[PDB]
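Below, all heavy atoms of this structure are taken into account, side chains as well, without hydrogens, waters or symmetry copies. Numbers restart at 1 for each chain; the letters A, B, ... are given by sequence-line order, proteins then strands.
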Amino acid sequence: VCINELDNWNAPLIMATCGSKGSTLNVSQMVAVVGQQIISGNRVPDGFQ
Amino acid sequence: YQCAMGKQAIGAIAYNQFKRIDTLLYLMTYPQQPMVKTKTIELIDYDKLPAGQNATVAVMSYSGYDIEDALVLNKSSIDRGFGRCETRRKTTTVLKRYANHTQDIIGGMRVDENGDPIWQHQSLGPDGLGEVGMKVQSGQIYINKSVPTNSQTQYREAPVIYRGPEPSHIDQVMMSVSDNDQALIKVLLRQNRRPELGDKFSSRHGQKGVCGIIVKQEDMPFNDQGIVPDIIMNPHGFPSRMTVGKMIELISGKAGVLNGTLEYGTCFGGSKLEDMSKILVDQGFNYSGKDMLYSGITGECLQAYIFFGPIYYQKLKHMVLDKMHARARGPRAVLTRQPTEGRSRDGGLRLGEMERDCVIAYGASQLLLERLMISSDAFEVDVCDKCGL
Amino acid sequence: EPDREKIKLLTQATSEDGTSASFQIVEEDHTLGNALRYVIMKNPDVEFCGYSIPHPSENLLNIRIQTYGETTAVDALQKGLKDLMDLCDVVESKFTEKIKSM
Amino acid sequence: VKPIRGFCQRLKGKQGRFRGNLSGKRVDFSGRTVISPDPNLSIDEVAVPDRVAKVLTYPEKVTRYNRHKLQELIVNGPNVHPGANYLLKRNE
Amino acid sequence: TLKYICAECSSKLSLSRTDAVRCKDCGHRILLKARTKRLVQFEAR
Amino acid sequence: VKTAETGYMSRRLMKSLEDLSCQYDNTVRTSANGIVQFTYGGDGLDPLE
Amino acid sequence: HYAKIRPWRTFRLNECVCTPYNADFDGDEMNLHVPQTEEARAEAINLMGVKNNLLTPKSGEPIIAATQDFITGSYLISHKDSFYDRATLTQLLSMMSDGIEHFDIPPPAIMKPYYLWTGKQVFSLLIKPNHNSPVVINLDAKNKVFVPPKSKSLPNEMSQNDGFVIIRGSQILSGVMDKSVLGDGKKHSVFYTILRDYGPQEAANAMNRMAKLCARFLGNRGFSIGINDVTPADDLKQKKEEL
Amino acid sequence: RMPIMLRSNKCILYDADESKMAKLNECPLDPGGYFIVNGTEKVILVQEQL
Amino acid sequence: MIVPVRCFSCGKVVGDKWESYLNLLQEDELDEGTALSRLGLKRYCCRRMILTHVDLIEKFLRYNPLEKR
Amino acid sequence: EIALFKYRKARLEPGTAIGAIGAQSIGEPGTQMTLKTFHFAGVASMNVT
Amino acid sequence: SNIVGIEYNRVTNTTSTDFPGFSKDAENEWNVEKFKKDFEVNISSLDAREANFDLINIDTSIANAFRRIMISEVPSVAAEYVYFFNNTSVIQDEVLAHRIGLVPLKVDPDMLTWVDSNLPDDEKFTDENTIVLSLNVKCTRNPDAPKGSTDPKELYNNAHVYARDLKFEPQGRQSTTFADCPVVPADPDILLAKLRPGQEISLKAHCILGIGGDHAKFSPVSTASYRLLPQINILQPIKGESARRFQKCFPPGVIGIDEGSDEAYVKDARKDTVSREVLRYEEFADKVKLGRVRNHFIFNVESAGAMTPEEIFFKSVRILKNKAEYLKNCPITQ
RNA sequence: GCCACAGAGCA
Ligand SMILES: [Mg+2]
Ligand SMILES: [Zn+2]
Ligand SMILES: [Zn+2]
Ligand SMILES: [Zn+2]
């Protein structure tokens, strides 16, 4: 939903389209939800009890 | 990464930094406190002794010299004191007393026939210790120590000779007596360094970079008021690294300078973006910090709005003057008859196993033979054809 | 007395008939290259006028002028320099007239 | 007590003869410097500092095709960059 | 020739051949060499 | 931490594979003139070309 | 490499070459050896040269090609709404050749209202400057972001956002130049085609021309990243919240 | 002789004002916490143990 | 350690505004944003020169070596 | 003619150190291999290495 | 057209399009009479340290050349060498020399001759090519001081070394040439150094003239810049409360409301710094269009105090003309 | 000068 909403002449979108630097995931993290954090293939382990 | 690089920033050390004689001290001529502060900065009194300067940054692709983290510096900004630093070094000598009731001496100044000191003693003074304030070039002596030979005794000359790529000035000379009643002499030299190509700069959000080019003020872009950036940063460092805090720092610094108050960038809080956008709108600037710049080369308007504002930059201790090295032929080790190690002993670079294997993969036999036998340890030897030894 | 080292004609880039040529100018930069480009491009006989600084370390400027068959590139360069002189004279006269007026 | 460096200790490890002096070794005529970009250079070209180029030397043997050039380099001297540092005669 | 500064009491003093490395006005044992009187040239760059 | 394992693995692989070469009869052989492959890859084609 | 002498106390290499070295300009140091024998010198320049090592031996793909800030400038030149008059065209052509090469100006893509050249014609001139140049390359390739056309019966060049690049002769007829066409890791790139068909020298010349053009162009045609490029719109914050 | 740590209760810089620090040639903003042994200032680092 | 003579970006002489800035904040009790405007500093590059300046010269002068402290 | 010329120049040149090339072409990708946890075709309990 | 259009995400039509080959009409050929008729100069302000003037119907390349020549090619006098006698300050010698080199000097550059670099130092400096400035400041404790004072200007005598302490020392014929125009710093309140009792500064500065490209201390302009004239076109009438909102998108003197029709109109587009706030709101879309006139430059030249800004602009025009004449007179070597 | 120790730089 985020990527299709960004207008043209958007610098991260242009740089992801070129492949010069960055990707769609980085733009989605900066503008929209960062997402689940994966540690050792799982979610966050129980540091406490 | 910036927790790592904050401890390498060149800046003020203490209020008595000019009464101190340390083995290596980098000082900044014109330190400035940041616009976008933090509560932790005020609580630890970092704003009293800052390390870094506020630079007008235009985030744009200026030339090919800003590719891969490299930075474009303004020559006129450097000429006015941006990034200027000084390096102070200490040389210590002990005039130890031997068991033969003989001690080292310092006095001596070889004068020529005309009545002037020789070139090696041009800045050495009458007492044998170099004069404060005079320039010392490579090969000159600032401590003229002599050691007795048997340790009327005869003294051999073992002077302290300055050997460096650039001249230095004698800043301080200190004589004292240690706890064991031995004369101790400390000479503190200083040299002034300006930013050049290869000098490392950090931006307090990681984003380390060396200078790629130093261009004139006329070649820089400019806005309506005539403001010229000091550092131009490539836009490509932001998407793959996701440093939105740098963008918010630029906007907060712009709004703070225009409003006249230092801003706060405290974690889980700080200055909100809407208030700074409102300040920028009320001051006649864009809400997003994007200005309209005219190119200094062609004069025409740039076809994209340029993200323009103050960013706090830190000058790191890693400067090219201490990294450049070249050997050709020089000292060799006594055991292996191979070049020594390190630029402090005029050593050579190591062509290790991996580089040897890469040259093998290329198939260049003669190059490998030249590098590993001709240029390092070639030796003509007698071999017996019968016993092999 | 004349400065033989100032402006050179690069033979390896010029044409046989002189229609296309490239000139190397020492101790010049964009402040004259852009003005020369603008003025020479206003010549109806010039189809390619463009300058370049090959390296910022070298104080040098290469300007390429390719024309049609009516005039050579040297004549185009001389006409462009003369027209730049005329433009500067006009600007100077107007500026001094307005300063003396007020 | 620090153990002595025997003959086996001089032959094994990364600092031994084989991995420190035989497979890889220190070489002459080399330099190390920080890199910075330069797009105006050709891709088969690297820019060397003038200070480094005055230390790193190439031994050119005088032929009938390069006598005048090496004469000019010898006249220029070790300080001017298009120059020379050492001369080795044929019979010396 | 006055050539040395006591680091504590800040008094000009000179040392002979047989004089110990200490101040005369106080017992402080650190001496700093004074600035030379020779002309020193700098470029303003 | 992955650099140590990568470097050791590369050192082992190169110490095991350095002696091989393509001879003039199009057979890959070791330094002791013993055949590993009769034709490189079954077809004798360079991956570079 | 071939040595050039410069006065600024640092090693300097072209940014198309920092990718095989895995090197970036943030404090990296490299080493410079000088072979002392004619045999070693010839072996180094003929087997270890940059021109003769444009392809990695891992897969045969190019490794010395366009990098960041060169792909973006090339994309902005080759973008479909990039129209240049003769003055801008000629300036760009002198920018990529240091005022040395002879350029044969092709007829413009638009003639009646004004005379305007598309940046694809600029890149066609970059590949082949004049009629004396022997570089004639033909290729069909897909970009990194390819949106298929409306109907499956239509060919790939009729796609949206110029997904498909077609080069016939030396003219670029469709598509934009990105990492798939000018960068590394793909065997359908322009520089790979030039290297395979006409040798390494022409590919090196094209890479140098592209590097100079994209190093001098993006300064005069600005490209910036700001917080407006990162802030979400009003309707996104509701959709994200509900999802 | 115990080498004392700076700005501890056995030090001369304990609860001293800025004028006394200027008299003793010590910076008032120095954090302290180190030992001056043979002129070199050394810090005992904190250790994790079980 | 001392106020720069010239602004780094443009080149305006801001070294002569430091004492007047201190007087405006101390005597007239003006805010920092209005004192800068009263001194003719309109461009933000000049304003950050004496708005971010840390006057370390006074702290360094406490340790003068030629006069008891 | 083009196809035959490309075929004849794709053959492995004699004298090539193809073992060293293969050793590097295997060792080098180990550097860029970041951590990922994989599963064997829709089974989230196997965790093949 | 000649209007650089300003959009919400990009800037359009930024390149000059006045040359034959742009269209089949083959117009806009270089005619000096047409340029003389079309070019205009309008002075809006002319003070001693700042000039503001509009150049109308001139190309961007020439205006940029004027700006670059003012910044880096117009010579001015600044301190180049500093000779030190007993610098006891906590400020280092290099820093003090740099600061003295950075002060502006009120010397007409036409009265000095360029210094020949290849000449030896014994005869490099003459009375026609060097101005000698002497500084001599000693700091002593004030005996008649207030008891509880903390101000450094009352406890000490010369605790502040200013720029006005740089006295001018005439040498030779400079005693007569510089009689009516003595050398003083343009900003006498520059704080060069701070002192405490026992500290002394004594130095002689040799000042020559150079260009700003060599060093930024030789640039005679605080800033020399231009901005294109803004242009706001209200395509459809804006009435009522929205008009008040339309007034808040611009600086206060830009757009005003008529008393009769209660509609907004542009009053002074010169004050309009382009913040493009009006393009944020969707209500003003297809009602306002923003641009800049491409051939209407507003030069704002601020001098450093050495000489008048109008003289700087005139010298820049003369320098460009002399560059063109020198290239015209040179022979072309193969 | 030898020897360890400690920190730092680049992925
Ligand atoms: Mg790196
Ligand atoms: Zn035998
Ligand atoms: Zn004393
Ligand atoms: Zn400023």
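A search for side chain to side chain donor-acceptor pair (under 3.5 Å) contacts involving D/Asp38 returns B/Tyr65, C/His55, not counting sequence neighbours. Under the side chain to side chain donor-acceptor pair (under 3.5 Å) criterion, B/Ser203 pairs with B/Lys246, not counting sequence neighbours. Remark: D/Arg19 pairs with B/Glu353 by the salt bridge (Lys or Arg N to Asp or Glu O under 4.0 Å) rule, at least two apart or across chains. Legend: residues meeting salt bridge (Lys or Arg N to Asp or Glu O under 4.0 Å) with B/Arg241, ordered by chain and number and at least two apart, are B/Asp69. Remark: B/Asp357 engages no residue in a side chain to side chain donor-acceptor pair (under 3.5 Å) (not counting sequence neighbours). Contacts of B/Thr29 classified as side chain to side chain donor-acceptor pair (under 3.5 Å), with partners at least two apart in sequence or in another chain: none.
Rounded to whole Å, atom P of L/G9 lies 15 Å from atom CE of B/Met319. If you take CZ of G/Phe25 and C1' of L/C10, they are 13 Å apart, rounded to a whole angstrom. Note: CG (B/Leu316) to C1' (L/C10) measures 14 Å, nearest angstrom. Atom CG of G/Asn22 and atom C1' of L/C10 are 10 Å apart (whole Å). Rounding to whole angstrom units, OH of residue B/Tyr1 and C1' of L/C10 are separated by 11 Å. If you measure from atom CG of B/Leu335 to atom P of L/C2, you get 11 Å, rounded to the nearest angstrom.
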Table of protein N/O atoms under 3.5 Å from nucleotides 3-8 of chain L N/O atoms:
residue : atom : partner : partner atom : Å
L/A8    : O3'  : B/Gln8  : NE2          : 2.7

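RNA chain L lies under 4.0 Å from at least one heavy atom of each of the following residues of residues 186-211 of chain B: B/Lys200, B/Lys208.
G/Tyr21 and G/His1 have parallel rings, their planes meeting at less than 30° on a 0 to 90° scale where 60° marks the start of perpendicular.
Residue pairs that meet the side chain to side chain donor-acceptor pair (under 3.5 Å) test with at least one member in residues 325-339 of chain B, sequence neighbours left out, are B/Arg327-D/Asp28, B/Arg332-D/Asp28, B/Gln338-B/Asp377, B/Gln338-D/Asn21.
Judged by closest nucleotide on RNA chain L, B/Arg345 is the one of G/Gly27 and B/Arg345 placed further toward the 5' end.
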